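Geometric and topological summary
This is what each chain is made of:
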Amino acid sequence: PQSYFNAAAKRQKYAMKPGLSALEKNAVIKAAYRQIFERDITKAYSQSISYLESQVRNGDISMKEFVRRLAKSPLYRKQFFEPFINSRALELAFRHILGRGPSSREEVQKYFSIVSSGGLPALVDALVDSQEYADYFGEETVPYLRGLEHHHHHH
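As deposited, the entry is annotated with solution NMR as its determination method.

The chain goes by Phycobilisome LCM core-membrane linker polypeptide in the PDB entry, where it is assigned to Synechocystis sp.. According to the PDB record, the title of this entry is "Solution NMR structure of the PBS linker polypeptide domain (fragment 254-400) of phycobilisome linker protein ApcE from Synechocystis sp. PCC 6803. Northeast Structural Genomics Consortium Target SgR209C".

As structure tokens, then:
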């Protein structure tokens, strides 16, 4: 708070927006990994991570694609499906992408059909590319728990 004020703002929201320094962008990227994989991946987890890092640092790719790549990666595809089933992967995906679990029966069975046929990656595309969560929430906002998803398209 650069307006002469105590540290009341402890809940910070990361967003890929014009006006971010190197340290800021580093935290934004790392926070994304910490949210989707809900743990601190490092060392063994790199290379592709480092490559995605520089891409989003430049602002070359949208923060939305960064997220959809991670969730559609074999890592998430395995860790959240190998010791689970379609219905459980459904819950896990919803909780990570939308921040809300399947609430409505229609909702459950609707996306359950997607995760059963097209699979988890298809469920990812279905949830992430949702124009509702895209258009209304903004493309800059990092998807933290109870946060916002990113805007796809511009117009």
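Past the structure itself, the notes keep going.
Within the largest apolar cluster, 35 residues are counted, with the highest numbers of intra-cluster contacts made by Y33, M63, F66, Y76 and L123. Of all the secondary structure elements, the ones that give two or more residues to this core are α1 (22-36), α2 (48-58), α3 (63-71), α5 (86-97) and α7 (120-128). Here the element with the most residues in this core is α5; it accounts for six residues. If we skip the residues at most four places from it in the chain, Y76 touches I36, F37, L70, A71, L92, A93, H96 and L120.

Inspection of every chain in the model, using the stated rule, returns eight salt bridges. Linking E149 and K64 is a salt bridge whose minimum nitrogen-to-oxygen distance equals 2.8 Å. Of this pair, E149 sits in the segment after α8 (131-135) while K64 is found in helix α3, placing the two residues 85 residues apart along the sequence. On the basis of relative accessible area, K64 is assigned to the buried category, the value being 2%. Taking the shortest distance from any N to any O, the salt bridge between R88 and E91 comes out at 2.8 Å. Of this pair, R88 and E91 are both found in helix α5, three residues apart, which corresponds to roughly one turn of the helix. Residue classification places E91 among the partly exposed positions, given a relative accessible area of 28%.

Cut-offs and rules
- Residues numbered from 1 in each chain as written, not as in the entry; some residues may be left out.
- Heavy atoms only, no water.
- Core = buried A, V, L, I, M, F, W, Y, C linked by side-chain atoms within 4.5 Å.
- Buried < 20%, exposed > 50% of the residue type's maximum accessible area, 1.4 Å probe, protein only.
- Helix = DSSP H or I, 4+ residues; strand = E, 2+ residues; numbered from the N terminus.
- Contact = heavy atoms within 4.5 Å.
- Salt bridge = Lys/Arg side-chain N within 4 Å of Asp/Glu carboxyl O.

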